[PDB]
Amino acid sequence: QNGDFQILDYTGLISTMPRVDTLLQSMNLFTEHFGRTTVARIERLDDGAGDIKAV
Amino acid sequence: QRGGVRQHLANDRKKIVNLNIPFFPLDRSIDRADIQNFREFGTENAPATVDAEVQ
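Chains M and K, in that order, give the protein sequences.
Using the entry's author numbering, you'd call the opening residue of the first sequence number 2 and step up by one each time.
Using the entry's author numbering, you'd call the opening residue of the second sequence number 57 and step up by one each time.
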């Protein structure tokens with residue numbers, strides 16, 4: 002800064018970035034579907050349970 | 057009468073005209089919303105294509 006007489010040499014650089022979470026992704030809990038329409042359908046089939054008896 | 061006065065002819069006639077011409081424009085536009093989620097209205101499930109609207 003005191004003029005061009007003092008030729009300056011290499012200088013380093015550092016940076017900071019915001020934190021990013023990876024817990025849920027690391028756990029592998031979510032699945033991805035690619036659609037066409039803006040609305041997504043969900044279809045939940047429910048089964049029925051029972052116990053057999055001797056005859 | 058013979059030997060006296062004579063008779064003379066008239067002259068011709070001319071006319072000139074000028075005219076202008078009108079103009080007829082026609083324009084239209086296409087937006088995303090017209091094909092975003094609208095079924096083609098042809099086959100059962102073919103999505104709407106811009107080409108069909110262009111035609």
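Backbone N, C-alpha and C define an ideal beta-carbon position, used for all residues, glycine too.
Annotation: the continuous alpha helix (DSSP H) that includes residue 26 of chain M extends over 24 to 28. When rounded, the separation of the alpha-carbon atoms in residue 103 of chain K and residue 88 of chain K is 13 Å. The alpha-carbon of residue 95 of chain K is positioned some 12 Å away from that of residue 106 of chain K. Following the DSSP letters along the chain, one finds residue 106 of chain K inside the alpha helix (DSSP H) bounded by residues 106 to 110. Just so you know, the alpha carbons of residue 24 of chain M and residue 18 of chain M end up roughly 18 Å apart. Distance from the CA atom of residue 3 of chain M to the CA atom of residue 12 of chain M, rounded to whole angstroms, is 17 Å.
In this structure, the alpha-carbon of residue 71 of chain K lies about 24 Å from that of residue 78 of chain K. The secondary-structure analysis by DSSP pairs residue 37 of chain M with nothing; it has no beta-bridge partner. Residue 86 of chain K and residue 108 of chain K have their C-alpha atoms roughly 12 Å apart.
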